[PDB]
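The residues making up each chain are set out below.
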2 protein chains.
Amino acid sequence: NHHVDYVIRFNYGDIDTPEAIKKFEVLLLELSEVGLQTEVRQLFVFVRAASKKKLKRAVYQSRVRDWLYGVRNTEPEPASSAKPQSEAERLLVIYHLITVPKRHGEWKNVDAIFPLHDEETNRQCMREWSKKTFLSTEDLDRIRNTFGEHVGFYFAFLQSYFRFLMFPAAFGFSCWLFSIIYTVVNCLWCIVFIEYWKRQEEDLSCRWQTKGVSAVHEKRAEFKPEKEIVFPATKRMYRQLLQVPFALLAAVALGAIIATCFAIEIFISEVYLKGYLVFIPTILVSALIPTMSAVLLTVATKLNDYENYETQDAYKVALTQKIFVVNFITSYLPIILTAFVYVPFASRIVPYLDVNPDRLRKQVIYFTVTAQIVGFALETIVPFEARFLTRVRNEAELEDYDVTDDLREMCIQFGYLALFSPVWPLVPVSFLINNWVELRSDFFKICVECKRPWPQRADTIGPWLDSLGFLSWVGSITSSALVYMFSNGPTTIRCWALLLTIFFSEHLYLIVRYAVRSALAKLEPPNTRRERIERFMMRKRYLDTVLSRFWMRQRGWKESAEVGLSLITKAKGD
Amino acid sequence: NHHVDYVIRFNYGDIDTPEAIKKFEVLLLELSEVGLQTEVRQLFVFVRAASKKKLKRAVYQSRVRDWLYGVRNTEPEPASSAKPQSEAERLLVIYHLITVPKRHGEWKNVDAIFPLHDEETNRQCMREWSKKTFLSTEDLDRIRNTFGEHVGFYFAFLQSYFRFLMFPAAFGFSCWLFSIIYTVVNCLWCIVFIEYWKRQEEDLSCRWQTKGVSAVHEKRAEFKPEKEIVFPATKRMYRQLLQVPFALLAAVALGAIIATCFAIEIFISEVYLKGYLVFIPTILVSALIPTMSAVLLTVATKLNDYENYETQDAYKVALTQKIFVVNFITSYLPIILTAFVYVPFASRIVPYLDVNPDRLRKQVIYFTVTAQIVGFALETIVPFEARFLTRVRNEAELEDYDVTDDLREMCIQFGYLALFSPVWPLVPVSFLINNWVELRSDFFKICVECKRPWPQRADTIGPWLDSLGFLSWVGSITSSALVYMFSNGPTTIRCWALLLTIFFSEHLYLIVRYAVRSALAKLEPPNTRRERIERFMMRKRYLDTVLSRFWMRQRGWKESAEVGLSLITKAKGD
């Protein structure tokens, strides 16, 4: 607890002639901005606030930056002598004082700069939570006041998703254990969750101090010197024209791999006690997939790095699009492929694959439980002077954190739950047990297996919510195809009634989407609080401001009253 | 030009005992708010601004009301001694000073209050426009500066719609005069127009002084005294449950009428020089429909009056919904009915109608040209002391204006153009000639056949834009059904390929909708002006504000520079 706000590491990289100049320049710009540049430690350096008036000036800088771009409607007009938040406002002000333009040499000569852990309160909220599995609102704000409120939005999303997943758990175990009633209640759950999270997010953002942030950062990677400060928008189209055919080739390669798996399945089942040993290649490729997901993930990361698609913000949107199409193809091409191809078209294809009905209900089980089984049984087959500077050198020798990976995995959970639940309605209890175990794992790995993130200021949880909605829509179409297609087992396809079912069910989905969104727009949150406060300030300012041709030969009050009296008496003289 | 801002009429209605008291109360509240209450005329009364400082106070009241609810980001802080607009700002301030709460007895004892006409400049912009048929931007702002900018949005919308309708005019006459290429270019036009009008509206609102207005007025008709100021939201559902079955009964009645027309058509064509005389009942009911539209219009007006659906704003949205469903059923149930029923199902139905192919291409012609023919040939078969107080009594003895009726008729134009153009591609040249004639008719009837409206402040043209989008979408589905259905004439229906065409074409419509909207979001308007001004004020305020533990035994600048020098030399001693 040495009152150190950030550390800044430096790498002494090549030979030591210019580093004195560059270190002096870093220190120069630093002391121009932030005093009490501490280097009692060694390579790295420390910072903290110089004087409380200077801290007050930097706070007022940040407040003017906030009101200048839209957040916090009221102006910051006084020298605002109020006590800040716990550490969120303080660390955010200091990070903005280091990061913003008008601040580091060679643009990446220094490596990552980071605060240090409050290991006391961190351990308190670690070992406070072997209990009750539902983090209440005060403890949620405790999670806000350290490491920002972006991480607060993440944890509130994950906990709310657990809370709404436990209803299809009970219902999908309560399928007396494929019928159409479960498909209808599945889509209703699937759409209620997204709209409820939209209004919950709008409530909880205004409950904290972010009404809505759209301050575009400028990630200094894009580069085209053309005018006074510019890259032309044309090479974007060339590189999206790179984006599409590689994704198509990835789809083709995955289809080839899974077709090889089905041909080997056929060969083993023809040659040969050993039914699971027959079905093994599906299990092997299902366990092999979540490595291929990260492989294509870093491939698409290199593709988006090649594209410099935005300076900063729509870089994230483009990256979420790449992750969604890669993740979608590599985790939903096998089931869609095997259902919509190998179940109606068996006898026309398996003669080509040489030298069965209701495979699908076993396909989905293996393909959605295998990765969890491997990741759960790995944790069982594996067992059976300067004196806190060493702690700092522990903390620096540590990996960095990304929110995106766990949230991607949650989007996978949602996609298997929505795109085809009624094939095997123990999908929700499986997912419930998985995140039932992995809850504390997530909080542990964000609290001590990585350093702190610097506190961001984000309102939304990103494009994942729009990808959630789109995935729900596609799930509506595909569920409506399947449950008509395989109900009641000499069969028939009857290709108009299936396509009519697709059409009619999609538009019923869309009208229920509109109806539930307009219903929950009416049902207000407890935002009545932070809107009524605005109403009082509104009314107070208004009541403040309500204080402090030769023929106009007729007088205003008395003449006009007597004239009107004369006119109505004249009119009623009949 | 007697500097009179508004007149206020009074009706002396029943017998004359309380009217002295009520007139004195009206005059009392008036002189408390607005002096120079002039009644040199008689029943009615005049008003004008009392003193220029008092006018300045009322202006500052209005400015605080504007900045208090969001419009005009900057505060109105000084005693703003600036000259106003021509008459728009002035009349709006005075009308708000009369109308707002914290102002008329019995809530409707006085009748309508209204400004007077600037017949000089009115006549100038009348007889300025026998020319060029495209009202330029300066003359458009001349239309803004009298009778508000809501009417400016209306005229800009109508002129922009004419400008984009003249392209399918040329193209639909250029169909070498039903093919699929015209359907594709129809839907592309149909969607380009809506997105272009969205960005044109966002440009032109910020070019005037309405960024966005959502100040909810309180139309004092709804009434439930429950708490301090409330009607419960439950009877809304009861009255929407009234809304639906009456619309269904109207659809049933129209279907019965048009079925009677087809049976009579069959009887005449069976009994009997006289082919048009055979087809007469279609023509008669087509001419009879635009009266039934106004009949059901005032019926739905009474239904929405029965519902008090909002206090003020969503009353307009509910009324636009009623007008759209009534107008849609009474002008598109006949064509959809006759195509999708009587063309595939003829031989199964005309034996029931007792005691033909390609009817449709004649049906649509009669049904879309008949009303225009009647309304155009009617104007040919018909020919072959106080001294300006009389002018005021001309102006008061005059009807009121509603924007909604002509805009409804335009939505009909758009619906026939979008829902099924390729049946007969002379629909655009017909509509072009109709509004080519009716342009000056619209401006004349708004300028001298009615009194002035008081200047409203509206941003959008209402829910008509959303109803335009929805109508385009339904038009995409129905065009894709028809042009597959009747192409190349022993035929077949092939009920999967039609339904596949419906599905696939609807989703191609939706992806082109998303693509063109994200494209035109990138192509900026000349809003660069009124955003760069905000950028300069932003930067100016920022550059204003950028002006005016026992171990910290180490000095900031020199000690740290020497220590870092010692450390890198120590490191490079190898």
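Residues numbered from 1 in each chain as written, not as in the entry; some residues may be left out. Chains lettered and ligands numbered in written order. Heavy atoms only, no water. Residues with missing side-chain atoms left out of burial classes, pairs and counts.

Per the deposited record, cryo-EM is how this structure was determined, to a resolution of 3.89 Å.

Per the PDB entry, chain A carries the name Plasma membrane channel protein (Aqy1), putative and comes from Neosartorya fumigata. What the PDB entry is called, per its title line, is "afTMEM16 reconstituted in nanodiscs in the absence of Ca2+". For the record of chain A, the UniProt heading Subcellular location (unreviewed entry) holds the text "Membrane". (UniProt positions renumbered as here; feature names shortened; annotations may be inferred.)

(A) Representation of the overall build of chain A in the model. A count of helices and strands for chain A gives 19 helices and three strands. Radius of gyration (C-alpha) of chain A: 31 Å, far over the 25 Å computed for a compact globule of 574 residues. With the principal axes as the frame, chain A shows a C-alpha extent of 110 × 105 × 55 Å. (Helix = DSSP H or I, 4+ residues; strand = E, 2+ residues; numbered from the N terminus. Rg over C-alpha atoms; globule rule 2.2 N^0.38 Å.)

(B) A look at the UniProt feature "binding site: Ca(2+) 2" (unreviewed entry) in chain A. All names here are of chain A. The UniProt entry lists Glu379, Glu409 and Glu438 under the feature "binding site: Ca(2+) 2" (unreviewed entry), expressed in the numbering used here. Locating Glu409 in the fold gives a position in helix α14 (residues 404-419). With respect to the helices, strands and loops of the structure, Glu438 is situated in helix α15 (residues 427-447). The class of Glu438 is partly exposed, set by a relative accessible area of 39%. (Buried < 20%, exposed > 50% of the residue type's maximum accessible area, 1.4 Å probe, protein only.)

(C) Geometry of the relation of the copies chain A and chain B. When chain A is fitted onto chain B, the two copies agree to an RMSD of 0.0 Å after a turn of 180 degrees and an axial shift of 0.2 Å. The transformation just described matches what one would write down for a two-fold rotation axis. The position closest to the rotation axis in chain A is occupied by the C-alpha of A:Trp496, lying 2.6 Å away. (Least-squares fit on C-alpha atoms.)

(D) Spotlight on empty space enclosed by the protein. Residues and elements named next belong to chain A. Counted as a void, the largest cavity has a volume near 280 Å³. Elements that contribute at least two residues to the lining of the largest cavity include exactly α2 (52-68) and α3 (88-99). Looking at side-chain class alone, the lining of the largest cavity contains seven nonpolar, four polar and seven charged residues. Here the second largest cavity is characterised by a volume of approximately 70 Å³. Taken together, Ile8, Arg9, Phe10, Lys23, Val26, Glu30, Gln37, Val45, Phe46, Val47 and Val110 make up the full set of residues lining the second largest cavity. Mapped by element, the contributors of at least two residues to the lining of the second largest cavity are β1 (6-9), α1 (19-33) and β2 (44-47). Split into classes, the residues belonging to the lining of the second largest cavity amount to seven nonpolar, one polar and three charged. (1 Å grid on protein atoms, 1.4 Å probe; cavity = no way out; pocket = protein on both sides within 12 Å on 5 of 7 lines; lining within 4 Å. Points joined across faces, edges and corners; volume = space filled by probe spheres on them. Nonpolar A, V, L, I, M, F, W, Y, C, P; charged D, E, K, R; others polar.)

(E) Region of the structure containing the sheet that holds strand β2 (residues 44-47) of chain B. All names here are of chain B. Taking strand neighbours across the sheet as the criterion, the three strands line up as β2-β1-β3 in an open arrangement whose pairing is antiparallel. Both edges of this open sheet fall to β2 and β3 (113-114), since each of them pairs with a single strand only. Here strand β1 (residues 6-9) runs beside β2; their pairing, made up of four bridges, is antiparallel. Bridging from a neighbouring strand, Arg9 pairs with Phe44 of β2. (Pairing = 2+ DSSP bridges.)

(F) Looking closely at the side chain of B:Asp203. Residues and elements named next belong to chain B. Its place among the elements puts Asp203 in helix α7 (residues 180-207). Among buried charged residues, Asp203 stands out as having no salt bridge; its nearest opposite-charge side chain is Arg199, 6.0 Å away. Once residues within four sequence positions are removed from consideration, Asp203 is found in contact with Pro525, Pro526 and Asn527. (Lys, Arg positive; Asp, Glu negative; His and termini not counted. Salt bridge = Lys/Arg side-chain N within 4 Å of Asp/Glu carboxyl O. Contact = heavy atoms within 4.5 Å.)

(G) Just the packing of helix α11 (residues 313-342) of chain B against helix α14 (residues 404-419) of chain B, in detail. Residues and elements named next belong to chain B. Here α11 crosses α14 at 35 degrees, and the two axes come no closer than 11 Å. The hand of the α11/α14 crossing is right-handed. Of α14, the residues touching α11 (which contributes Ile323, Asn327, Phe328, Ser331, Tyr332 and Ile336) are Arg408, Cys411, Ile412, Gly415, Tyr416 and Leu419. (Axes fitted to C-alpha atoms, helices over the stretch in contact; angles between N-to-C directions. Left-handed = near helix turned anticlockwise from the far one by under 90°.)

(H) The interface of chain A and chain B, seen in detail. Taken together, the contact between chain A and chain B spans 53 residues of the former and 54 residues of the latter. Of all the secondary-structure elements, those providing two or more residues to the side of chain A that touches chain B are α1, α2, α16 (464-485), α17 (495-522), α18 (528-545) and α19 (558-571) of chain A. Residues of the side of chain A that touches chain B, tallied by class, amount to 34 nonpolar, 10 polar and nine charged.

(I) How the structure looks around the UniProt feature "binding site: Ca(2+) 1" (unreviewed entry) in chain A. Residues and elements named next belong to chain A. The positions that UniProt labels "binding site: Ca(2+) 1" (unreviewed entry) are, in the present scheme, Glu379, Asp406, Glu409, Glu438 and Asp442. Within the secondary structure, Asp406 is located in helix α14. Each residue touching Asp406, except ones within four places of it in the same chain, is listed here: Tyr154 and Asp442.

(J) Local environment of the pattern of salt bridges. Considering all chains together, one arrives at 18 salt bridges over all chains under this definition. For A:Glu307, the salt bridge goes to A:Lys322, with nearest N and O atoms at 3.4 Å. Remark: A:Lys322 occurs in helix α11 (residues 313-342) and A:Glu307 occurs in the loop between α10 (280-305) and α11; sequence separation between them is 15 residues. Grouping residues by exposure puts A:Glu307 and A:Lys322 together as buried. In this structure, B:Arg123 and B:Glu120 form a salt bridge, with 2.6 Å as the shortest nitrogen-oxygen distance. Taken together, the residues B:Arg123 and B:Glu120, both in helix α4 (residues 119-127) and three residues apart, mark about one turn of the helix. Note on B:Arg123: relative accessible area 31%, which makes it partly exposed. Each member of the salt-bridge network shares a partner with another, and the members are A:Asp66, A:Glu149 and A:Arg457.

(K) Looking closely at helix α12 (residues 360-381) of chain A. Residue and element names in this part refer to chain A. Its 22 residues place the ends of α12 30 Å apart at the C-alpha level, agreeing with the 32 Å of an ideal helix rising 1.5 Å per residue. The sharpest bend along α12 reaches about 35 degrees and sits at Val369. Taken residue by residue, α12 has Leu360, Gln363, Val364, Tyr366, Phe367, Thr368 and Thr370 as its buried positions. (Expected span 1.5 Å × (residues − 1). Bend = angle between axes of the 7 residues up to and from the residue.)

(L) Representation of the sheet that holds β1(A). All names here are of chain A. If you walk across this open sheet you meet the three strands as β2-β1-β3, and the pairing is antiparallel. Of all strands in the sheet, those with a lone pairing partner are β2 and β3 (113-114), marking the two edges. Where α3 meets the sheet, its contacts fall on β1, β2 and β3, and the angle it forms with β1 comes to roughly 30 degrees.

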